[PDB]
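**Q** An experimental structure, sequence included, is below.
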Amino acid sequence: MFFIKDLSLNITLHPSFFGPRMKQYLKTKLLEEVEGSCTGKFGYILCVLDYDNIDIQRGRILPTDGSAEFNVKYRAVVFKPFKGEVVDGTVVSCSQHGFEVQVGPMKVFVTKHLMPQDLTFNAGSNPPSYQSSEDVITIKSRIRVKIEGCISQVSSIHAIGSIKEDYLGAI
Amino acid sequence: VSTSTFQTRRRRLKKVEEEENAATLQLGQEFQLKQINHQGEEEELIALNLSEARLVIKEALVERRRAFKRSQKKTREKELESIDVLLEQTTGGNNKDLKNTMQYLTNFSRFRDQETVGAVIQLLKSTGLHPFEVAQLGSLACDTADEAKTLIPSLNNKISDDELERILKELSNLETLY
Amino acid sequence: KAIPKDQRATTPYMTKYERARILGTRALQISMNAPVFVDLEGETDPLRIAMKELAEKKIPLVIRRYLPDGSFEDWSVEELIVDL
Amino acid sequence: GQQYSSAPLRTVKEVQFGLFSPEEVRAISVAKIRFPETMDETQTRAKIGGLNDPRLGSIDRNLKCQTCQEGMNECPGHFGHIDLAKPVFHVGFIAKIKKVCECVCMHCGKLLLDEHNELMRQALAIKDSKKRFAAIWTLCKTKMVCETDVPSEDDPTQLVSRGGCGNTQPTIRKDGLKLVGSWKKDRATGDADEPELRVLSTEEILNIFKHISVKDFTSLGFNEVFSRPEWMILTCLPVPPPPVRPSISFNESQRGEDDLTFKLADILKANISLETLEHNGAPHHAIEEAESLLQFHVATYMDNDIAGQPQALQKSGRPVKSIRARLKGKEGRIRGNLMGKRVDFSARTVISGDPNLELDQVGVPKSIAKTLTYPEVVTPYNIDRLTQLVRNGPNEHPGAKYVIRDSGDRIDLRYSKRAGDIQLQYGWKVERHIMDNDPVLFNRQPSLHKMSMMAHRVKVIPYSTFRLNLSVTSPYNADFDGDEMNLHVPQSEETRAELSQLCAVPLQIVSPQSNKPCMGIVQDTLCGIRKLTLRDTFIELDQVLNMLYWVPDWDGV
Amino acid sequence: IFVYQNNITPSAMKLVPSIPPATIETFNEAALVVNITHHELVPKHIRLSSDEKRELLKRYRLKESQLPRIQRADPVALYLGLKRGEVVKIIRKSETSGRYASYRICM
Amino acid sequence: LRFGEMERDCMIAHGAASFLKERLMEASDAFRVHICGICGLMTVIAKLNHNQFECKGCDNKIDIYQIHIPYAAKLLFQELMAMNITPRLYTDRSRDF
Amino acid sequence: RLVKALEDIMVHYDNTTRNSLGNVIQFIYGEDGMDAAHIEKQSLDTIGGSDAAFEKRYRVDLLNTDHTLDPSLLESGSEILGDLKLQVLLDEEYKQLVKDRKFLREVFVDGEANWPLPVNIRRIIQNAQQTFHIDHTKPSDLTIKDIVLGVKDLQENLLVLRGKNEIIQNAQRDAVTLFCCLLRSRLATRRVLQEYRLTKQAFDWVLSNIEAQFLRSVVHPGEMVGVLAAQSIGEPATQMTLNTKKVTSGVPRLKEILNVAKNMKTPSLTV
Amino acid sequence: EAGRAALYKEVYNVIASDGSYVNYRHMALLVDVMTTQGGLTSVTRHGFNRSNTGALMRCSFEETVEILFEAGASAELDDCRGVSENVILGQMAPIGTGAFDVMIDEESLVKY
DNA sequence: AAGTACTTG
RNA sequence: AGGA
DNA sequence: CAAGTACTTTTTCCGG
Ligand SMILES: Nc1ncnc2c1ncn2[C@@H]1O[C@H](COP(=O)(O)CP(=O)(O)OP(=O)(O)O)[C@@H](O)[C@H]1O
Ligand SMILES: [Mg+2]
Ligand SMILES: [Zn+2]
Ligand SMILES: [Zn+2]
Ligand SMILES: [Zn+2]
């Protein structure tokens, strides 16, 4: 998982910033946009690497307004979750439907039907828990889950997982 | 505006196939083992493991603070509080993604140091496996070569049960304490 | 994909067209409260400032001259001559 | 003006032409377009789920578009569609459809001639997509039989089979909208004497065109992705949205629907006639009859100015205004709306000449400079001055008409309860009056010259004429006998530069046309300069002293 | 080269393409009476070898199409025995420069 | 007033590239359409108060751009499509030449 | 019609005249590469006159006692006499001037001497005279090597196409040919000395002025010659109408030409 | 090449008929424009407008719609290299002032 | 209509 | 219908 | 190979 992808944003600078602290604003405006971003195309963009060596290139001045468009060629750390990818995470929430698990930037939810039978909901616990013949999953519990599917949403790739299969479940 | 990559494919009119993505090593149209870095040159995919990843970000976020105080001139629970501070100095804080990620890594990391992570990277990157398989072995710990060949189904025939067992053995030996 | 500064063949002198666009562009910038690269010796008009900026050859602009085939030669206002 | 869109801005680098795929038309369509009823959902004024806004664009102006909530300006219009009861030829390709038949087999859909004929493999070698389809056609038009066996590229003794299909090919000729062929025949070796005269149906030609090989049609004019032959024959009709066919609604309860809105309703009507006719008790002749009518409507919608007479005149005597007609040159989309345009920031008045103006200056009346506006940006090197123009208002000459904030909201200095107390901010625009020494484009139609349009320095004067210098009469050609002239006002500090730096009158002094000056001294001066420069001419001290003062750049000597 | 008095029958004319790499040409005796080339209006036309042509295209940053053209049937093309794709360098006098060199590709 | 075809001529003769564009666009027509990147058509159902884009038919939601063109072109284009012709507009290249 | 046919034609940054496609119409705009305003109908002295007149104006013979330049013209006038090494240059000069005359008689077959060429050399020298205050009594501070060579080397800098290769370099030579015939005609030693009576500085200034003024006189890539030409023919046509052997001429003939009409009104042979 | 001569020789004699003067380079260009194609290319809707330039470019004169019909049908691609093609797209045409591009250079910018 | 282009006799 |  | 049929613009801008 977690990749190092080479990307490029096209930023348009108002001529008001045509001072020497321009490369500085441009580099800053990149991380304003790109860092903390989330596309289905590349996944969660988490960190722009090598701040010092980010390339600015020559900026084209735009025909009828002063603004100049630069193509910022850069490199960053991404996280694009896939189906079939087995991921370790910590539980967040727990309902009579299943339980959500935080995995790095994103949350993966496991239905009651995506867990075994033995493991069954218990409303009567602070906080709510899924109790098994040998185990118990509550709120802060450590779990290894298999992503069954991904739903590429707004500014968050959410997913659905399984702990029913062999070698999955609590850890 | 939005971010784009080096993959220049000119998909004129012809929309589809939108072929799915599984750990049957069928990754993206962005994540091919053959992906050209901006220098123009062909490069391989860079897949990081939890710890290989923590040490990449921790690194870039340190050198960012190194350039921020330059231009401004004119133990797990203990590393978690340490990192949560470095984010406040370098990142916009609005990047709640990186905050969780750094905690997730700091907790789920298999190897504490860039020397131990170095060693892991040798052992694995010899097998001749796709970087996604290689990362998933160093990312999460197994026991039966079956635990691995089942969680990383992409392997299966890719290696000897015995070989993977020897690698898995030497991985748990490199496993840095917490 | 470009031409190296040593293999350049285009007029070493600025064309009437380039001049009018560099002057226009700097004026359009100066007006949009852009940073003025010279001492405005009591100057108030951005085109008069852009003329001064160009006379002192203190304009930060580069003219990408495209050849018919596609490739181009990159030239600076500083490196161009002005007989116009 | 038009509100901020998060989309990345770009410029059109390529225009890839093609044909609409009946499958594409259906996808991209925000509605069909089931009713010839314009709207008036049971007479109750609003729109119907049939023609105009069955999810389309929007009328009412007070009704936000029912798809993209945008509405009116900002919203384009959303395309529609109508499934045609039977296929119909597109008026334009009518003869290319014919020419394609003249090239292919009317049964198997394979080229009548191929790589085995020498002249063919040679005509196939033409690189051009048109010149090659030109040769291919002339060659194949004469081949009246689909060949089963052809003598090999060696001997006349070994006749090897290419494509099969024996079939005797027709002799296609148009009958105005309709294609009718005449099959050679055979009866007792000869025949014709009396052949076979059957009309080729849109529906069959459609099917034949479907069967034409990619490699095949690709060697003819066509392309596999953008323009397949099968797309010259219409199955799905794109229904243009309101901004193309506007409802010019005079007063309240009075429709005002566009001509194309009628021709579409006419096509709708004609389709519902044919659809019911064939689903129900088919009187056969009455179908092939109501068919030909729908093929006609679709024709005269796109092109009403056809050979086969009927100009499908709108009941008022006046013919129906085709889409072809809409775009056809000198006025009409291309020549008159795109290549040439009616423009804002323009002035025209009677011209008179002044001998006390500089060559490069143009006298502009007080009204004309108070009318015309320049967008000055609140910069520190004017802030104070611009505030006084704003204080001056839009009725004093050196004044301003509007103040446009960063917030893109227009302040009308002419009314606005604040035109007195209005404190300007940097980055704002003050739409100020045209002032002395601003550049302008003075023009005199015809304009058969680079010199028939020149940049002049404004000089705001009294009296309702455009006063220009006399030595600049010769290039415009204009005299002062009831002569009128145009004047355009630049908007960009970049455009001002454009004018002053390349267009200016002193620049146009030496004409490239004839490598000689195009302006000179004329009339009063030309005659007086002869009079002044003879040996007989002598001037008294009194006058010399005045004449010397008259030269602006006199030394004092 | 074949010099024919009045005509060459369609029968014989079929044999012109028959023997490549060798090439055959037909010139009517009556056309050859006067030399066109010698005329006031006709300038110097010069054949370009593959080497020269490739260089001309490299130097002017061209495509074979982008070059001005000469017909294969052009009186001068026939005279010099131009083949399709061959380039001619045209040297005319000039009231502007003195000498001007143009190039025409054969189609 | 009319900035006629004839008047566009001499503007081109002058070299006044920007001023001619400015005349045709800013002092007239000047529209902002949203075009799809797959099929270069004005099929974009740009709900720009919500930054939702989309060109159904192309299934798109990502490859969409904005363009500034005369309202008459926007029209001509719609008029051409109304007649089964596709003027697909692309903000990229392919031929190079 | 013209305007529509020619719109897309302009001079690019390679000084080549091309269209929408980029196909070459002309390799150098107007066979010379000069802007049309910068030209003046100058006179080629070398072309006309008697073969004897020619000799009297251009021939310098340091070997002949009566064909040397008298020491009233230059200072070296006494010590210059006989020098075989120098007479190589004045023989070199006179032989190139001869070549020119024979070449100009090749171009202008009628012998017309008045041709439009950039840089008014007459006016450069005229204006040099009042600038430096030329005394047509005192002798010049030039050497034969100063005049002969200075000219040779000004010719090097008269750049139109810039490229370094035989195609472009041999094409530069072509686009510049005629102006040099004029430059050599007006800057030959005997002319400079007897007629112009130029000093050293005066001459050195003349050269740098011709050079700089020439470099100005060239066309600006971007120059829209399609529309220019179309208008420079289209406007004159309109003034044959707004005013008023026997062959069809003017507005109707021009129509036949542009249309490339097969059936002319007055087909006429001239033998 | 002799046809070019006869072309200018005639074109020029039409202008010089009135007495008026036009600089070689203009008629020479037009004559050279007609000529280049390979033979005499009439300044008519069935000569130059029938050549292979732009589509929108060609359409802006005489066969407007008719040209556009063949455009869609043979799937013509537009260069947008032509003057007219940009005028129709509201793009700064690649002529005179727009025949090159302007860029800021952070190097020269921080130097001043 | 003038001029040409096209296919048809 | 009119104007240069 | 011959007429015959088929086709397109014809200056620019500016009040019932
Ligand atoms: N139909 C037209 N199209 C274009 N320009 C026209 C025109 N009619 C007239 N003009 C212009 O207007 C002028 C002629 O107007 P007229 O009524 O004839 C007075 P005039 O004949 O010019 O006085 P003159 O005898 O001193 O020449 C010309 O300069 C011409 O360019
Ligand atoms: Mg008049
Ligand atoms: Zn809408
Ligand atoms: Zn068949
Ligand atoms: Zn689309």
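**A** On my side now, so go ahead. Residues are numbered from 1 along each chain as shown, chains lettered A, B, ... in the order given. Ligands and ions are numbered 1, 2, ... in the order given.
**Q** I'd like the distance between residue B:98 and residue G:239.
**A** Distance of residue B:98 to residue G:239, given as Cβ to Cβ, to the nearest Å: 75 Å. Every C-beta, even on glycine, is put in place using the N, C-alpha and C of the backbone.
**Q** And the two? Which one has more around it.
**A** Using other Cβ atoms under 10 Å in any protein chain shown as the criterion, residue B:98 and residue G:239 rank with residue B:98 on top: 26 against 12.
**Q** okay, now the closest residue to the more buried one other than its chain neighbours: neighbour count?
**A** Using Cβ to Cβ, 6 or more residues apart in numbering or on different chains and skipping residues adjacent in sequence, the residue nearest residue B:98 is residue A:46, 5.1 Å away. Using other Cβ under 10 Å, residue A:46 is surrounded by 27 other residues.
**Q** sec struct for residue D:185, please.
**A** Of the three states, residue D:185 takes coil under DSSP: H, G, I helix; E, B strand; the rest coil.
**Q** Direction included, what does the host helix or strand of the residue nearest to residue B:98 pair up with?
**A** Per DSSP states H and E, residue A:46 falls inside strand A:43-49. Using DSSP bridges, the strands paired with strand A:43-49 are strand A:38-39 (antiparallel), strand A:68-79 (antiparallel).
**Q** Can you add distance to residue A:124 and give the ones you listed back as TSV?
**A** Converted to TSV, those look like this (distance: least, Cβ to Cβ, whole Å):
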stretch	distance to residue A:124
strand A:38-39	37
strand A:68-79	37
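**Q** Nearest to residue A:25, out of those?
**A** Set against residue A:25 and scored by Cβ to Cβ, the strands paired with strand A:43-49 come closest in strand A:68-79, at 10.8 Å.
**Q** Pull the closest one out as PDB, backbone CA atoms only.
**A** Extracted in PDB, the C-alpha atoms of strand A:68-79 (Å, rounded to 0.1, in the frame of the first residue of the first chain):
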ATOM      1  CA  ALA A  68       0.700  33.700 -14.600                       C
ATOM      2  CA  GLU A  69       0.000  30.000 -14.700                       C
ATOM      3  CA  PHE A  70       2.800  27.700 -13.400                       C
ATOM      4  CA  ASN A  71       2.900  23.900 -13.700                       C
ATOM      5  CA  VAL A  72       4.200  22.800 -10.300                       C
ATOM      6  CA  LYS A  73       5.900  19.500 -11.000                       C
ATOM      7  CA  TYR A  74       6.100  17.700  -7.600                       C
ATOM      8  CA  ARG A  75       6.400  14.400  -5.700                       C
ATOM      9  CA  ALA A  76       4.100  13.200  -2.800                       C
ATOM     10  CA  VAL A  77       2.900  10.300  -0.500                       C
ATOM     11  CA  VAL A  78      -0.500   8.900  -1.300                       C
ATOM     12  CA  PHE A  79      -2.800   6.200   0.000                       C
END
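**Q** So which of the strands paired with strand A:43-49 is nearest ligand 3?
**A** Closest approach to ligand 3 among the strands paired with strand A:43-49 (Cβ to the ion): strand A:38-39, 26.4 Å.
**Q** Distance from the chain centre to the closest one, please.
**A** A distance of 8 Å separates the centroid of the chain from that of strand A:38-39, by Cα atoms, centre = their mean, to the nearest Å.
**Q** now stretch F:26-46
**A** Remark: stretch F:26-46 is offset 5 Å from the chain centroid, using Cα atoms, centre = their mean.
**Q** any idea whether residue A:150 is helix, strand or coil?
**A** Assignment for residue A:150 (three-state DSSP): strand.
**Q** Make sure it is actually in contact with residue A:161.
**A** No: using Cβ atoms under 8 Å, residue A:150 is not in contact with residue A:161; the gap is 10.1 Å.
**Q** List the residues that contact residue D:354.
**A** D:363, D:467, D:468, D:469, D:470 (Cβ atoms under 8 Å, 6 or more residues apart in numbering or on different chains).
**Q** Give me the helices and strands touching the one helix or strand the second one maps to, please.
**A** What it means is residue D:467. Here residue D:467 sits within strand D:466-469, counting by DSSP H and E. Contacting strand D:466-469 under the criterion 3 or more Cβ pairs under 8 Å, 6 or more residues apart in numbering or on different chains; DSSP states H and E are the following elements: strand D:346-354, strand D:361-365, strand D:484-488.
**Q** Can you tell me the closest non-neighbouring residue to the most centrally placed residue in chain F?
**A** With distances taken as Cα atoms, centre = their mean, the residue of chain F nearest its centroid is residue F:69 (3.9 Å). Closest residue to residue F:69 apart from its sequence neighbours, by Cβ to Cβ, 6+ apart: residue H:90 at 4.8 Å.
**Q** Just after the strand holding residue A:46, pick out the following helix or strand.
**A** Following strand A:43-49 in sequence, per DSSP H and E, is strand A:59-61.
**Q** and stretch F:19-35, anywhere near chain A?
**A** Yes: under the criterion of Cβ under 8 Å from any Cβ of the partner chain, chain A is reached by stretch F:19-35 at F:21, F:22, F:26.
**Q** For the residues you listed, which single residue is the most surrounded?
**A** So for the residues of stretch F:19-35 next to chain A (other Cβ under 10 Å), the most neighbours sit at residue F:22, 26 neighbours.
**Q** measure the closest residue in space to residue A:82 that isn't next to it in sequence to chain C for me?
**A** Distances taken as Cβ to Cβ, 6+ apart place residue B:21 nearest to residue A:82, at 5.0 Å, with adjacent residues excluded. Here residue B:21 is placed at a distance of 34 Å from chain C (Cβ to the nearest Cβ, to the nearest Å).
**Q** Ok, residue B:157 next?
**A** Counting by Cβ to the nearest Cβ, the separation of residue B:157 from chain C is 44 Å.
**Q** any idea which element that residue lies in?
**A** Under DSSP H and E, no helix or strand contains residue B:157.
**Q** count of neighbours near it?
**A** With other Cβ under 10 Å as criterion, residue B:157 counts 7.
**Q** List the contacts of it.
**A** Taking Cβ under 8 Å, 6+ apart, we find residue B:157 in contact with no residue.
**Q** gap between it and residue G:86?
**A** With the distance defined as Cβ to Cβ, residue B:157 ends up 94 Å from residue G:86.
**Q** Tell me, domain by domain, which residues of chain B belong where.
**A** Using curated CATH domains, the domain parsing of chain B gives B:1-47, B:48-72+B:75-178.
**Q** Start and end of the longest one, how far apart?
**A** Terminal residues of domain B:48-72+B:75-178 lie 21 Å apart, using Cα to Cα, to the nearest Å.
**Q** Let me know the helix or strand that residue 7 is in.
**A** Unless you meant another one, I'm taking chain A. Using DSSP H and E, residue A:7 falls in strand A:3-13.
**Q** hmm, I had chain H in mind actually
**A** helix H:2-18.
**Q** Could you pull out the buried residues of that helix?
**A** Judged by neighbour count (16 or more other Cβ atoms under 10 Å in any protein chain shown), helix H:2-18 contains these buried residues: H:2, H:4, H:5, H:7, H:8, H:11, H:12, H:14, H:15, H:18.
**Q** Sounds good, over and out.
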